[PDB]
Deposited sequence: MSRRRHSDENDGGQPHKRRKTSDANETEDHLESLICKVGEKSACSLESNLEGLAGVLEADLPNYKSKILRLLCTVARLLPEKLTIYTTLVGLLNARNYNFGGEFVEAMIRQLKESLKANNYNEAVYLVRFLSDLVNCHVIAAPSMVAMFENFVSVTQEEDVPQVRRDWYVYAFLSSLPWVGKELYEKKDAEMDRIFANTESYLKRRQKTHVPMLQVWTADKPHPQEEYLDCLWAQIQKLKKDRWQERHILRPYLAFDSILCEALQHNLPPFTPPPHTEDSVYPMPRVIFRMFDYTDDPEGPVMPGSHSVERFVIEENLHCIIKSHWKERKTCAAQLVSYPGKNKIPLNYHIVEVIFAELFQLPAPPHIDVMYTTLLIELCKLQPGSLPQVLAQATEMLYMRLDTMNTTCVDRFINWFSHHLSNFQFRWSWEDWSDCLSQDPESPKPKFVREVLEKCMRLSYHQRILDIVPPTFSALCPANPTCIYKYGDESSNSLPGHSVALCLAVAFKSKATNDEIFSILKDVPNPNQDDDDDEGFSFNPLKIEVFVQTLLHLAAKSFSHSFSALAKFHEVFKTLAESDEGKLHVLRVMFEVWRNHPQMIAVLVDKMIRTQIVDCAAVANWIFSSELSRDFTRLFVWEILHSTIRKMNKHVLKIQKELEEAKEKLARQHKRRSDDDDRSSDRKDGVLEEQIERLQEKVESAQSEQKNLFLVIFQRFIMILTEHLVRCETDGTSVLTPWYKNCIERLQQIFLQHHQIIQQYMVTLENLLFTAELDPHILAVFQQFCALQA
């Protein structure tokens, strides 16, 4: 019971009360002291937890650890003892993001008279000292500075009342360090390359610039709520403590540090003239506001309805354009490179839940942001655009596809390849897949019809062709007859024995015919593949066969991207074709004209994931089997791991070799015909290569020797190398 009640109450304070917060902190303060005799360990645990899991409540709980320290010095000393232990653990386990919340909780305690202001400074001095450390990854040297600077919004003001001498010498080594960092990763992490309207800044430079405006403002920010402010009477005479000498953990080969980031920015106060002035991009208020909002989503991501509510009720010290901050932060997460913190579809419905909660004001802002995103499309990164398309099209389908399409009339007279028209075409294509062809033709104006998606009709070769000069024609006609008759494999094989030339012609007449007679639904085509599965495994026993199947299937369904995708997927899972073949198919000349369409990549990544999932699965089995006949298996599971990983490496190897080949071909041709290198085709192609790295950087890391010395070498065009070097900078 009691155990239970404590955790309940510890949370109540953070939650929205119905009696001034200060009161609750007053009460809970004593209550907790009264229970210290019997429940010291639990309360000591509960607080260390809320400290690393409820950052958005940082100051409500620091206060609490204060009122307590103001009634039991020895207690505070124990809490501060745990915190350091808890912090040393998070660090050793590579859970750096959790550490920051700890390191930041300590910081604010100094404002609660619990930790010696001078004490904090000594630790930070050691954090920055990491910048000197020799032969360590920059992402490591980066995290300590970030942990330091991100704290100042809380500690800085009072941490400036003391040790300014060293608290100047630290900024000194920082400034020095900040100007010596390589920024190779920025181009690969920016959502937009355009400097206007808003520059997308490297996260440390942006924060550095933020501290400055604060420092030069005498460290007086006006957002961070401080309950420990209305308790100066008590906290005053409290006896602070001293954090033991903190020696940052030595960089090991098992260390993994957060990747660098780029600050997503799309709004400024002019985007909301008639609304409370929006904190500027270089104001710490902006940082803190987005930080808490990001943390709120991190705490409630699993429950969308609770999530919207915690966001909308966010407590701001001084009024701010909340709705705008909520939308900006959600897009900041959806469009985050390499990946969003949470599953993509979560942002879609989260936004819906926010529109249902603030019916009168959220929708307009969301509609304003959509407009702005569309207008800045010209320099948005391909990976984000895809995300934009899927979000917007899925969003539309929840609001009867109602949108003011004429607002985007400008796309109508642009090269079909330009980002705007292409974006519209893709969005519409996506809307069709969530409903049907005719429905979409009906939602857009007559002027847009040209951008609507083609009717997804099957294309039989030997069909009502009547153009019979084609090879295997009659053979196909027998097949059609057999299939409609519940033919068997051997029978079909027989029909196929009468085919003149790995036999390309046999494949084509089989596929063209089998697919045509199952073109009514996905479920038909599937069973079709399952029934005559044996035939497939025969005709396509070779890679040429595998490749030819994909080629004929594409010939048949080129007007129905969703069909093509589900078929390839089904084919891979039933081993009618393998990923290598799918990869070669993607870069094949037969797809050259559709190379920049979304479905092509949606398929390639879905193939890569199946490969990855597969590898992971077998590895685990070995893992479990190794944790125990039982041997003959581990002998076998080992072999399977080998093959799986080998085929995985080969998939990345081929994909990269193909990218290098087509990009060089373009670069050379251009550098010969004195033509522009920056074509729409180039943009998609170079950014698609970048995406391979972004989506699977973890797996790719295992190939550094091969990648660094065998593929992406110096004889390669710098435009291609650039992509590789950007990737290496992610964990450099």
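- Item | Missing C-alpha runs, given along the deposited sequence, first residue counted as 1 | Missing CA coords at 1-25, 527-538, 666-686.
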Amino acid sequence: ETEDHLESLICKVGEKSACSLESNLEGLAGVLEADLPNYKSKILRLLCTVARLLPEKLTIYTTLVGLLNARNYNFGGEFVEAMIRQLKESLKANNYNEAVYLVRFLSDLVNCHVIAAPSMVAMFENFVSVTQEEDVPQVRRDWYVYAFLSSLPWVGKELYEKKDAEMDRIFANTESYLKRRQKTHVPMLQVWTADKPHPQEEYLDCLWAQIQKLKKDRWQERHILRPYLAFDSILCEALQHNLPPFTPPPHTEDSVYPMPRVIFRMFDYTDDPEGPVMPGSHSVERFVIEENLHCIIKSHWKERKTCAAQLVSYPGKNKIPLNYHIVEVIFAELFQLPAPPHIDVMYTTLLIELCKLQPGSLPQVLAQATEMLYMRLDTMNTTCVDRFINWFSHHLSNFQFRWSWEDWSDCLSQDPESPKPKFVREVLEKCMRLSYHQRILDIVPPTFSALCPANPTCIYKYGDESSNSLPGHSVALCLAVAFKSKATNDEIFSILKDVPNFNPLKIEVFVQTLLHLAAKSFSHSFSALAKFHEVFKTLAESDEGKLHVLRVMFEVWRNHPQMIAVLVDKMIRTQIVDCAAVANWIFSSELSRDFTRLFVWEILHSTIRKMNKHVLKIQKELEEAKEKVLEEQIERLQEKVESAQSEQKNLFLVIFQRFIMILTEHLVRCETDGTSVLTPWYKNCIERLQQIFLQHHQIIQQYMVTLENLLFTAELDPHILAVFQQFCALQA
From here on, numbers count along this sequence of modelled residues.
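Residue range whose averaged C-alpha B-factor is higher in the record, 301-309 or 465-473 | Between 301-309 and 465-473, it is 465-473 that shows the higher mean C-alpha B-factor.
>> If you take the mean CA temperature factor per stretch, which one wins between 229-237 and 277-285?
In response: Between 277-285 and 229-237, it is 229-237.
* To do: For the C-alpha B-factor as written in the entry, point me to the maximum among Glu590, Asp164, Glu201, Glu333.
  => Reading the PDB entry, the winner on C-alpha B-factor is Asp164.
| At the C-alpha atoms, which of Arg609, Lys570, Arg597, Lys628 reaches the highest B-factor in this entry? | Largest recorded C-alpha B-factor: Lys628.
If you rank the chain by CA B-factor, which third does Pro341 end up in: lowest, middle or highest?
Its C-alpha B-factor belongs to the lowest third of this chain's values.
Mind checking which third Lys484 falls in for C-alpha B-factor across the chain? As the PDB entry reports it, the C-alpha B-factor of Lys484 lands in the highest third of its chain.
- Chain thirds of CA B-factor: placement of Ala714: Tercile = middle for this residue's CA B-factor.
**OP:** Would you check the entry's CA temperature factor for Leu47 and let me know if it's in the chain's lowest, middle or highest third?
**Re:** For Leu47, whose C-alpha B-factor we compare with every modelled residue in the chain, the answer is the middle third.
**Message:** Looking at the temperature factor on the CA atom of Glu639, which third of the chain's modelled residues does it land in?
**Reply:** It belongs to the highest third of the chain when residues are ordered by C-alpha B-factor.
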